[PDB]
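Undergrad: Any chance you can model this:
(chains A, B, C, D and E)
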Amino acid sequence: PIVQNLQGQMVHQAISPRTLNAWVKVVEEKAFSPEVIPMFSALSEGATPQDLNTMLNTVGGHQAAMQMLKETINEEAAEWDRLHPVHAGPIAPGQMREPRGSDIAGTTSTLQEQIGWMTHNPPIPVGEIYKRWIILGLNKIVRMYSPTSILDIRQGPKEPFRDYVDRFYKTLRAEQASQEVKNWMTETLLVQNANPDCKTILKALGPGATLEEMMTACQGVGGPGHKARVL
Amino acid sequence: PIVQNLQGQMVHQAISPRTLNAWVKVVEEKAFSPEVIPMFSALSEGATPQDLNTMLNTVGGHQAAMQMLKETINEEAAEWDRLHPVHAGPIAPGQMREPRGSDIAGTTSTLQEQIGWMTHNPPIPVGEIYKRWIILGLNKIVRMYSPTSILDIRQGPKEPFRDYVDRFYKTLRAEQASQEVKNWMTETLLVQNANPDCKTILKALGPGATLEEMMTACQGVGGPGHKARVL
Amino acid sequence: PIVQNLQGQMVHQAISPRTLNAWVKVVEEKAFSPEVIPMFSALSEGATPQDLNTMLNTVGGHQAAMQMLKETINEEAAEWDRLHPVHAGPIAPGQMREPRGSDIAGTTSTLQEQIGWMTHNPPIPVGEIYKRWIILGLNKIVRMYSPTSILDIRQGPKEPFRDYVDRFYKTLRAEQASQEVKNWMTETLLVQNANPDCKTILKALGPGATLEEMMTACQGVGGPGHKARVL
Amino acid sequence: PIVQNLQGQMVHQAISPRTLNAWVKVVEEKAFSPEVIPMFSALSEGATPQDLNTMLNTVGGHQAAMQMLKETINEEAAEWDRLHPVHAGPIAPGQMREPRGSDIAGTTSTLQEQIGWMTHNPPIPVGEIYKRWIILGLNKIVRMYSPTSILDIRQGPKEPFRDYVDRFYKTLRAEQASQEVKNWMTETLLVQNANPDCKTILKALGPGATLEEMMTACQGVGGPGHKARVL
Amino acid sequence: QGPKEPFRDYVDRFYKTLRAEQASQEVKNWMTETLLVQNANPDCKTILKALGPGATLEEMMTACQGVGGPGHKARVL
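TA: Numbering: from 1, shown residues only, chains lettered A, B, ... in the order given. Let me share the structure:
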């Protein structure tokens, strides 16, 4: 995308074949897993809409998810053009004409105009909003993908604490809810779905317990072969 | 993170996709190993907090252990706001106001803002403290990984002394203790948890004779005080 | 390690991650092979003790061998500390003060001072001696690894000269003894450890046949010591 | 080796890590094959002896054959101290000292001194002769490898011309005779070692037929010919 | 510590034995915190573990004094 700083003005560079290969490979390896969202946020340097849209268009087997994501982007673009500060009428020549919801989209925007409003006038967050809409759509996909409704994870009488925690944190990452609520829910839910023996020693710790303390306490609860005891 | 020397002043640049793939493979196959702490130290190049923050969010496996590391960083950041000099608060125009304890974290500070206080005015150890807190979290993760104490690392009857030494040194890497204390322990521990048959010839060495000499003697004999044949 | 001469003033520049993966791949597959030792010398550009120390911290299973190498560096550092010219605490104001054994070691040294002493006052070979001590340590590890002796490598009944010479030369790199002696004993050894089928032709060639000349003759005979008298 | 032309005077740097891995990989794939000699010639850009010594030192499997080359290199170094200018022991103030046979090797010379004699007075062909001496040794190595001689090549009845000519071409890679002599060998041996039915095609075509024409006839007739005359 | 042995006799013997160790103060102190709990009988060990991390020697002795016997049994077994 558009880069260059200390050596002067920005130049529009193309995407790497290496990053494109990673996008194809990661999908074969772990298609809808939550870690895709921070990787996309981190790697998207100079996040221009049409360039971001290239990753969406190079979709393989997971095209159905992308089609839903595109509908969500269209809903978000429609909301931007009508429920947020609306664009006026005729203006004097040479002004950008405050970009519309459809101007954010790659289909209805040319490269010259898209880069023009991105840096000729003071930087507009056009890439940031489109990227945010993609993040919002990806969050919907991981939410739908999750096979467990958060409270479906349980610990069997022979299942170790570490595996119970792995299962619990796997569904926890797809929760998409408020942090205070998530902490309060985590505190009660972990105890409720725990096995009788595990729950009996877990209740000794009581209020004010934190994850570092919980992990430390469950070191003596051990793994397979070892028979977990209160003492 | 920040980079550039030969052409002039430092500018913020993202890490290679091959490096990210290398990290992903290391987390997948070497998960809780103490060998990953130097690998992370090498890969945590420069000093911008944002790149380290995104890198740690790419985990698909041991997310709960990583979350305990985030919790550790959050409470270490709390101590930077309280214990350490955080000044009076109000500041006259034209200053960068100095980061508070929670301003160190990439989740609470903007990228240009993070770069600003370490580039617009002379260096401050914001990258080093954030890295130190992550390293401290990794030290805690290997402390939870361990399932057997040093005195529980006993040598079996059919178990060779060489395998026992590897088990001891691998176990030792996660214990977090003073070098003098570890050396002082090394004098009696090595022959203490060994089996009777190998001890027959290894007890003859006596006082002094460092690990190198003890191993040179051990290699020369093999097995439980004498080697065995497979084919 | 430090880099740049023609280009400008010296820069301390981090190793590439591909180089680190290549080192890990070599250590993982070749373990205690003598082939690793020149590869370490080849890869260790601009000899900087901290970077050299980092390359000894990434080992997996074989940590105990690495610990012996680290103790060997301490042993040679101690040799520098008291048997090589002894330093005195009192020195004139404005001097960098030439390093003691502990200063050479990664344990008490700081990277800013370490780069400082090698770049300020006239060149001290701090990196080269540390690299040499590591190589000396690696040269002790091959002895620990080697499980054979000069008269244990004997050609079997169905073994050809190529298999017999390969085991001898594989062993030879880990010998750690005088070259002058090795040459003088080699002439006796090649005849002595041969099988009776190949021994008679080796004896028949006699004195005045060098390694190339013997290898040239041994190429045409065929099998595990084919008919030695052609009439 | 020493590198830089465009930005001014050359700086000494080590070999690239990827090149070192490639050298090891090529050895695993095809250590003794004749095309390794041009591959080595191509990769040895900047023939500084110390860098060249690293390539020799890092060899894996074929160590016994590899150590035979040192005898030839030492022998050519002995020839350099005889047939080439040998100079004298005395030396005038501040001179770099013209190389002796044992100054050529990196093992018995010092790097700064080595760069000094290669560059202080008009270039000395130290790297070029060392590469040629190594090539002479590599030409000896393919003699040791060789499983078939040039006069051992013969076409069987079930062996087509393409299979036969490939075998003949492979054996012509290391023919170790004059190009003038080789022209006669090519003209005579190719027809002479062909099978009777294939020979009939060659016999009919006869004198005044180039390699292009011979190949064209072989291509048109098919296989090694067939049980009845076509020409 | 045996099943019917009281903590005061056990810690008295531990201190007496430790008195002849002639090692640096750090070596003795660091060990004492973990070893006393580890070599204790199940019921006593449960009570010592219940007191847990932190606290002074006076606080530990105070807790032990009121506990009584060689360790009175619990209901979660």
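
Undergrad: Please name the nearest non-neighbouring residue to residue A:134.
TA: residue A:52 (6.5 Å; Cβ to Cβ, 6 or more residues apart in numbering or on different chains). All C-beta atoms are positioned from the backbone trio N, CA, C, and that covers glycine.

Undergrad: what's the neighbour count on the one you found?
TA: 19 (other Cβ atoms under 10 Å in any protein chain shown).

Undergrad: Could you grab the helix/strand/coil label for it?
TA: Three-state assignment for residue A:52 (DSSP: H, G, I helix; E, B strand; the rest coil): helix.

Undergrad: you'd agree it is up against residue A:128?
TA: No: with contact defined as Cβ atoms under 8 Å, residue A:52 does not count as touching residue A:128 (10.6 Å).

Undergrad: Enumerate the residues of chain A near chain B.
TA: Within chain A, the positions near chain B by Cβ under 8 Å from any Cβ of the partner chain are A:5-7, A:16, A:18-19, A:22, A:30, A:33-35, A:38-39, A:41-43, A:45, A:165-166, A:168-170, A:173, A:210-212, A:215-216, A:219, A:222-223, A:226.

Undergrad: Show me the domain layout of chain A.
TA: According to CATH domains of a matching chain, chain A is divided into the following domains: A:1-147, A:148-221.

Undergrad: Would you mind giving those domains as JSON lines with distance to residue B:88 added?
TA: Output for these, formatted as JSON lines (distance: least, Cβ to Cβ, whole Å):
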{"stretch": "domain A:1-147", "distance to residue B:88": "34"}
{"stretch": "domain A:148-221", "distance to residue B:88": "30"}
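
Undergrad: out of those domains, nearest to residue C:179?
TA: Judged by Cβ to Cβ, the one of the domains of chain A that comes nearest to residue C:179 is domain A:1-147, at 48.5 Å.

Undergrad: In chain A, mark out all the strands, start to finish.
TA: Applying DSSP state E to chain A gives strands spanning A:2-3, A:11-12.

Undergrad: strands paired with the first one, and their directions?
TA: Right, strand A:2-3. Strand pairing for strand A:2-3, determined by DSSP bridges: strand A:11-12 (antiparallel).

Undergrad: Show me how far the partner strand is from its chain's centre.
TA: Taking Cα atoms, centre = their mean, to the nearest Å, one finds strand A:11-12 lying 28 Å from the centre of the chain it belongs to.

Undergrad: Not counting its own residues, what contacts it?
TA: The contact list for strand A:11-12 (Cβ atoms under 8 Å, 6 or more residues apart in numbering or on different chains) reads A:1, A:2, A:3, A:4, A:111, A:115.

Undergrad: still on that earlier bit, pick the most deeply packed of the strands of chain A.
TA: When the strands of chain A are scored by mean count of other Cβ atoms under 10 Å in any protein chain shown, the highest mean neighbour count falls to strand A:2-3 (a mean of 14).

Undergrad: Run through who's touching that one.
TA: Residues from elsewhere that reach strand A:2-3 (Cβ under 8 Å, 6+ apart): A:10, A:11, A:12, A:13, A:45, A:46, A:48, A:115, A:118, A:119.

Undergrad: and the residue of chain A found nearest chain D, what is it in contact with?
TA: For chain A and chain D, the shortest gap (Cβ to the nearest Cβ) falls at residue A:18, measuring 15.6 Å. If you count contacts by Cβ under 8 Å, 6+ apart, residue A:18 has them with B:17, B:18.

Undergrad: Could you report the separation of it from chain C?
TA: Using Cβ to the nearest Cβ, to the nearest Å, we find residue A:18 at a distance of 13 Å from chain C.

Undergrad: Look up the closest residue to residue A:51, ignoring the ones flanking it.
TA: Residue nearest to residue A:51 in three dimensions, not counting chain neighbours: residue A:1, with 4.8 Å by Cβ to Cβ, 6+ apart.

Undergrad: my read: the one you found touches residue A:46, true?
TA: Yes: contact between residue A:1 and residue A:46 holds when scored by Cβ under 8 Å: they sit 3.3 Å apart.

Undergrad: more neighbours, the two?
TA: Higher neighbour count among residue A:1 and residue A:46: residue A:1, with 20 against 15, using other Cβ under 10 Å.

Undergrad: ok, residue A:81 to chain E distance?
TA: 60 Å.

Undergrad: got a list of what the closest residue to that residue other than its chain neighbours touches?
TA: Spatially, and ignoring its direct neighbours in sequence, residue A:81 is nearest to residue A:101 (3.3 Å; Cβ to Cβ, 6+ apart). Residues counted as contacts of residue A:101 (Cβ under 8 Å, 6+ apart) are A:76, A:77, A:78, A:79, A:80, A:81, A:82.

Undergrad: Pull the most distant pair out of those.
TA: Among those, the pair separated by the greatest distance (Cβ to Cβ) is A:76 and A:82, at 11.3 Å.

Undergrad: can you give me the helices in chain A?
TA: A:17-30, A:36-43, A:49-57, A:63-82, A:101-104, A:111-119, A:126-145, A:161-172, A:179-192, A:196-205, A:211-217 (DSSP state H).

Undergrad: give me every residue that touches the residue nearest the centre of chain A.
TA: Geometric centre of chain A, nearest residue: residue A:37, 3.5 Å, by Cα atoms, centre = their mean. Taking Cβ under 8 Å, 6+ apart as the criterion, residue A:37 is in contact with A:135, A:138, A:139, A:142.

Undergrad: ok, residue A:60 touching residue A:26?
TA: No: assessed by Cβ under 8 Å, residue A:60 is found out of contact with residue A:26, at 11.6 Å.

Undergrad: Comparing these two, which residue is more hemmed in?
TA: Remark: of residue A:60 and residue A:26, residue A:26 carries more neighbours, 16 against 11, as counted by other Cβ under 10 Å.

Undergrad: residues contacting the nearest residue to residue A:190 once chain neighbours are set aside?
TA: Counting by Cβ to Cβ, 6+ apart, the nearest residue to residue A:190 once its immediate chain neighbours are dropped is residue A:168, at 6.8 Å. With contact taken as Cβ under 8 Å, 6+ apart, residue A:168 is in contact with A:153, A:190, B:64.

Undergrad: what's the closest of the residues you listed to chain E?
TA: When the contacts of residue A:168 are compared against chain E (criterion: Cβ to the nearest Cβ), the nearest one is residue A:190, at 19.9 Å.

Undergrad: what about the closest one, neighbour count?
TA: Residue A:190 has 19 neighbours, counted by other Cβ under 10 Å.

Undergrad: just the one 4 residues further on next, same as before
TA: Applying other Cβ under 10 Å, we find 20 residues neighbouring residue A:194.
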